[PDB]
Every structure is written in structure tokens, then in C-alpha cells.
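Peer 1: fold the following and give me the result.
(chains A and B, ligands or ions: 4)
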Number of protein chains: 2
Amino acid sequence: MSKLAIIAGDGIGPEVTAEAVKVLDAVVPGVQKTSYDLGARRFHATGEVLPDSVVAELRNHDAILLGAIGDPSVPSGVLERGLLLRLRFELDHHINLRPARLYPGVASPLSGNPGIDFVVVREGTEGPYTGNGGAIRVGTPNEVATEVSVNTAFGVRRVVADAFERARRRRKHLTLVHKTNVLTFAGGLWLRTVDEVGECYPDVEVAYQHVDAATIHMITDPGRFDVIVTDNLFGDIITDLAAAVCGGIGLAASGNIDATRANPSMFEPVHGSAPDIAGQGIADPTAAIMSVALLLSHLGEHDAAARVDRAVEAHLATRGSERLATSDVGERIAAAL
Amino acid sequence: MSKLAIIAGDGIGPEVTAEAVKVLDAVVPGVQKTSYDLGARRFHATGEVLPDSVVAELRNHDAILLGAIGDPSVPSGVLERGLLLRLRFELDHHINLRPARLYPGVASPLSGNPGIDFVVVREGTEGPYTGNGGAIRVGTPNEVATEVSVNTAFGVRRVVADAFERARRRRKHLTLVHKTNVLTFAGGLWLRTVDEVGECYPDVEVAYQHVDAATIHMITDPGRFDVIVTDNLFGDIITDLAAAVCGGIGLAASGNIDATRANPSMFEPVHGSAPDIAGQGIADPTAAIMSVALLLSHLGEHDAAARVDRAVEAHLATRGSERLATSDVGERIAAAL
Ligand SMILES: [Cl-]
Ligand SMILES: [Cl-]
Ligand SMILES: [Cl-]
Ligand SMILES: [Cl-]
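Peer 2: Residues are numbered from 1 along each chain as shown, chains lettered A, B, ... in the order given. Ligands and ions are numbered 1, 2, ... in the order given. Take a look:
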């Protein structure tokens, strides 16, 4: 560790990030924390979404911890395209890491408390989610709109390697999810890349599923997954579905990772800013604290990451249906370190 | 009255289609049936997949009933592209109808057998599941592969207008599912079309969800859905998920509809040809027979469909668990007709 940039952000972001920082501070004292004003607040106060100068500041830190971004006062798509996706592009966050574990003390919407323990590695910087396309004759019966997905061996190989590495360190099973029968170009790039990278991992079993069939299995047989690798668009959907089967996006954490370490990687809870309860001390910081565990693991603070994991798991196992304030949750987790 | 084209097809196609035909003319008298050897048989027999002479022949019937196509026997893609997709595009099947109901006697993989009854209207003839794209420098670190989704006012309004009608005639709720914040061109088109079409349907409440959200809600709160309208790519994913939560693709029916009636529409059970049980009279013919009810309800023949429905429901609500042969299940469905 050493230097952490903190982007507490909007609505519930501050109050959950404060509890995350507390847990970090307990397992790794004397980290330099630097706080950046980004999102709705910054957007109103200055007109700025993501200045290049702020991006450069961000580079001076070992990692970034983010809370949540967004407010109904700021238009729909703007911070999301201009701050969230832009940071992902500018910091080369090509690996979106989305763990999906079902924990004692958490209800699944699936029948019969199945064992669920997998990880999704989503490609973060290419494919359909870059804004490539256009329209003509807008607002007429003659309108035509095109969306273009660009995929590269550069991009794909990166993310696939990382997923194989994760698979080797876990249960040695990798599932590629795509739609190769219909996206024959992107799909074939993905298939061949997994096969070629797979040559270096004769220990990892590799399977393939179409995204519609994988969606079905996540509901009927989620125990079959160890590591899933996929693209930006399909990953967007299946990481949220994973979260849902593991008891909701409110209990999910995310890494946005440049595996070359050339740039600092960013960690956050998956949930959003929930402005209707902002400042009230209701928001659960468990997700934010679980993102701290990801961050620590990424920085090689593995013993300290295990400690946070164990302390989250302990909290979830005894919380029950008790009404717990944001700071009561943070205290319970802290006391279990 | 009616001319039906029948393409039993491959593997278990013949067997479940035999039942559906049996059900059919036992509720509508003068159905003039024509058999079509299309699929693996025809291919192996002749080399033919779907000659133009044959499409022109199909156009002279009032509907098409299909069982299944595909065999490992036939090289990947030959029939799916050259028969199945080609028929969809040639016959202008712009509406893909995928009803989603959890019936009595059917166990859902979701918690607490919840209320689920909705319909998915999926755009059928545009988007990226068209084959539009390419690659350069294949098989090198410099490989780049593109997929292109073409979306039109023409294609979109038709599908959307058909959805609003389905909504009116049901619980007057329509959900548009897309990803408008990042597929900004396609997204904008779909949004604006739903708004504009919806001004002849003030009876219909209109809701928007991003596809990632919809997938979460399909598993945590599927009861909030009546009609879903979406594009080809997102519909392909959400249709399979709806089936799963309503007890499986094995119990799902699909309409492929030219809502201008210039071409005959096609109806089929969702499941494939299952080469592994071809000819053992094991295959369950229920969905094939559910596909007849959509074929009927589309041809204006409400009461024969209104019936046939009930005979299927009876079948499912009373089957218990005993292994039934194809022809048995077929015979059972008669009774309540
Ligand atoms: Cl956020
Ligand atoms: Cl991992
Ligand atoms: Cl996201
Ligand atoms: Cl309907």
C-alpha cells in the first residue's frame, strides 16, 4: 500500500467509504489517504466531470478506492460516460473483476441455498461499450442507427491471461461466455484466444457457454462456475446476474484493474449512490469494505485481505435481520479483525 | 380455412410434431397439411438447405409449424444460418414472441414458486445477430474484429407497435429493455420510438429498464413484468432466462411472426432436436403442442387455442412425476380439449 486515493463520491458514497477506510486503517496503519472531489458535487461546483489534471493526480497513488457516483440533479448518462467509463479508459482498467460468493447469512433468490463461489473477469476497455457508431435521418421513419463493437487480440489476450491465472489459483476451471454462433468475428477472436492462452494452462479445464445458456446455468446450476471470462457487454449483464444470485448488488464488490500496474487500479462497491438515504446512516458498508479486501489483495497485502474477508464473513453470519446503522456495521466488522 | 406447412425436421422433431399435428386437427377440422422434408434429411438426401422454390412454396400456406432442425451429422451452422435464419429473414419474421408463464405443477428454480406470467416481444430481423462485421490480421497479436448492429425506425416501430397491442390486451404494462446510456444510437432510437408509439396507448403504463437490471428483476421480482419489448440481442438473452425461471426451455413455445400477414408466420417449441433421444418416444411433446396454441391464436382461432391451452395446463398440473412416452403425453392432452 502506502498511498490511496479516495473518491468518496455522491449520496451514500461518503458514509460507506468512511467505514471502508476505517477497516483499511485497522489492517494497514499509516497509509496516506488523499481525497478527490468527483461526481455531482464537482460537476456543480466547477462544471468538471473528469479533468485530465485530476487523472494525472490519480496516477501518483498506489490504488483508488471509490464510493458511488450519481445524483438525480445530474443528467442520465453524463457522469457514467464522462467520469466512470472515462476513468476506465484513461487508467486502462481492462480487467473488471466481479466476485460472486454466496455467504452464510445472505439470502439467495434461488431455491435451496446452493453453494455459489465464482469470479467473473469482464473485459473493460473495448467491445460495444465505447460509443462507436452513429445515426442518420434521426427522428424520421428513415432513421438508421448503428452500434459498432471493436475487439482486439491486444485487449482480449490481456483479460484471458488474467482469467487463466485466477483459474489456476482457484479451482482450475475456466468458462468462456460469448455468442460465437452469431458474433462470428468477435466470437472467433475470443474462442481462439482462450485456446491459445490455454496451451500454457494444461491444468485448467476450459469450457464454453453461449451467454443465454450461461444465464440459465447461473439460475439452475451456479455451482458449476469457478472462473468466468467474457467481454464488456455480456460481462455487464452476467456480473449483475451473479450479484443477484449471491444476494444482491448491495453485497457485491468490484475491481477495475490494469494488470500491468502501469496505472492504479480502482476498487468500489457495485451498488450506486442511493441518494434517498444519503447521510442517514442506513446504508450498509459491507460491500465497500469487501472492495477494500479486493484492493488489498491486488496490492499483495494478502494476509490483511484474508483478515477483512473473514471479518465480513463473521458479520454476515450473525447479523440476522437486526436493524444495523452504517457505523454499527463498520464496528462489527472492525471488532472481528 | 387453413393451409398448414409442416416441417418436422430432425432428431425428435418428427415425434413431438406428430403429437402436435394430432392435437391440431382434433380442435380445428379442415387443416390442409403439407409435409416438408427440410433439415438434415433433405441436406443429406440432396444437398439442399432452403431453395428459393421452397420458400415460395411455403408462402402459399397460412402458417408453418416446426419441430426442430439440426444434427451433428451436419456441419456447424449450415442449417441454423442457411435454413433457420434465412427463413426468418425471408418470411419477415420481425416479431419473436416468447411467453413466460410458471404453470401449476411446474417447479421454478427460483425461491417460493412466485407469480410469473409475462410476454417477451423480441425484434427479429435486424441487430448484430445478422452477420455484419469482419476481421483484419487474424491469428496475430494485431487481430482486430468488428461486429456491427444495424437498427432502423422501420424495424423498431413495427416491433414496438406489436408490443403495445399485446400490453393493452393484457395488464397494460410494457417494459422496454435496452442499454441506452451506452448504446446511445440504438438506445435513443428505441426510447423515442416507444415514447412516440405509446401516444396511442395511454392505457399502457410504460417502464424502461437497462438489460442488466431486467435480468436481476427477472430473478428477484419477475412479477413486475407483463409485456417486455427489446431488441434481437438482448431478447435472445432475456428469452432464455424467462424460460429457465418458468421451469425450462423444454416447456417454452415461440412465435416467429410477420405481423403484416403478407408471409406465413412460424411456430415451434423452443427446444432443439436432441439427437440422443431421437426415436425412443421419450421426448416430451408439450411445448410443441403449446406452439400449436400460438399458431392458432395468431390465425384468429381463439377458441381452439383457448381450449388447447387448458388441455396443456391440465397435463402439467396433473402429471405428477411418472415417466411418460411421447405418444402417451400426446394422448393425455386430448382429454381436456
Ligand atoms: Cl457508482
Ligand atoms: Cl480472483
Ligand atoms: Cl458496471
Ligand atoms: Cl400476447
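
Peer 1: hey, let's count contacts and neighbours off CA atoms from now on
Peer 2: Noted.

Peer 1: could you pull out the strands for the stretch 201-337 of chain A?
Peer 2: Counting by DSSP state E, counting those that start in this stretch, the stretch 201-337 of chain A has strands at residues A:205-210, A:227-230, A:253-257, A:265-269.

Peer 1: out of those strands, nearest to residue A:16?
Peer 2: Of all those, it is strand A:265-269 that lies closest to residue A:16, at 9.1 Å by CA to CA.

Peer 1: wait, does the closest one contact ligand 1?
Peer 2: No - taking CA under 5 Å from the ion as the criterion, strand A:265-269 and ligand 1 are apart, separated by no less than 7.7 Å.

Peer 1: which other helices and strands contact that strand?
Peer 2: Judged by 3 or more CA pairs under 8 Å, 6 or more residues apart in numbering or on different chains; DSSP states H and E, strand A:265-269 is in contact with strand A:63-68, strand A:253-257, helix A:286-298.

Peer 1: for the nearest residue to residue A:10 once chain neighbours are set aside, what are its contacts?
Peer 2: The shortest distance from residue A:10 to any residue that is not its chain neighbour, by CA to CA, 6 or more residues apart in numbering or on different chains, is 5.1 Å, and that residue is residue A:69. The contact partners of residue A:69, by CA atoms under 8 Å, 6 or more residues apart in numbering or on different chains, come to A:9, A:10, A:11, A:13, A:39, A:40, A:79, A:80, A:272, A:273.

Peer 1: any idea how far chain B is from the residue minimising distance to the centre of chain A?
Peer 2: What sits nearest the mean C-alpha location of chain A, by CA atoms, centre = their mean, is residue A:254, with 2.5 Å. Plainly put, residue A:254 is 15 Å away from chain B if you go by CA to the nearest CA, to the nearest Å.

Peer 1: now do residue A:182
Peer 2: Following CA to the nearest CA, the distance that separates residue A:182 from chain B is 5 Å.

Peer 1: now do the contacts for that residue.
Peer 2: Residue A:182 touches B:128, B:129, B:130, B:131, counting by CA under 8 Å, 6+ apart.

Peer 1: that one sits in which helix or strand?
Peer 2: When elements are assigned from DSSP states H and E, residue A:182 belongs to no helix and no strand.

Peer 1: for it, grab phi and psi.
Peer 2: phi -120, psi -40 (degrees, to the nearest 10).

Peer 1: sorry, back to before: out of the strands of the stretch 201-337 of chain A, nearest to residue B:231?
Peer 2: Taking CA to CA, strand A:205-210 is the member of those nearest to residue B:231, at 17.6 Å.

Peer 1: what packs against that closest one?
Peer 2: Of the remaining helices and strands, those touching strand A:205-210 by 3+ CA pairs under 8 Å, 6+ apart are strand A:173-178.

Peer 1: quick one: distance of the strand it packs on to the chain centre.
Peer 2: With CA atoms, centre = their mean, to the nearest Å as the basis, the distance from the averaged C-alpha position of strand A:173-178 to the chain average is 18 Å.

Peer 1: quick check: angle from the very next helix or strand once past it to strand A:173-178?
Peer 2: Per DSSP H and E, strand A:173-178 leads on to helix A:184-198 as the next helix or strand towards the C-terminus. For the pair helix A:184-198 and strand A:173-178, the angle between their directions (axes from the mean of the first three to the mean of the last three CA atoms, to 10 degrees) equals 160 degrees.

Peer 1: what does helix A:184-198 contact?
Peer 2: Outside helix A:184-198, the residues that reach it (CA under 8 Å, 6+ apart) are A:151-153, A:156-157, A:160-161, A:164, A:176, A:178-181, A:204, A:206, B:131, B:133-135, B:143, B:145-147.

Peer 1: out of the residues you listed, which end up buried?
Peer 2: Neighbour counting with 16 or more other CA atoms under 10 Å in any protein chain shown marks A:151-153, A:156-157, A:160-161, A:164, A:176, A:178-181, A:204, A:206, B:131, B:133, B:135, B:143, B:145-147 as buried within the contacts of helix A:184-198.

Peer 1: take the residues you listed and keep only those in helices.
Peer 2: Among the buried ones among the contacts of helix A:184-198, the ones falling in helices (DSSP state H) are A:153, A:156, A:157, A:160, A:161, A:164.

Peer 1: what residues are bridge-paired with the one residue in the stretch 1-150 of chain A that gets nearest to ligand 1?
Peer 2: Taking CA to the ion, ligand 1 has its nearest neighbour within the stretch 1-150 of chain A at residue A:68, 3.6 Å off. Following DSSP bridges, residue A:68 is listed with bridge partners residue A:9.
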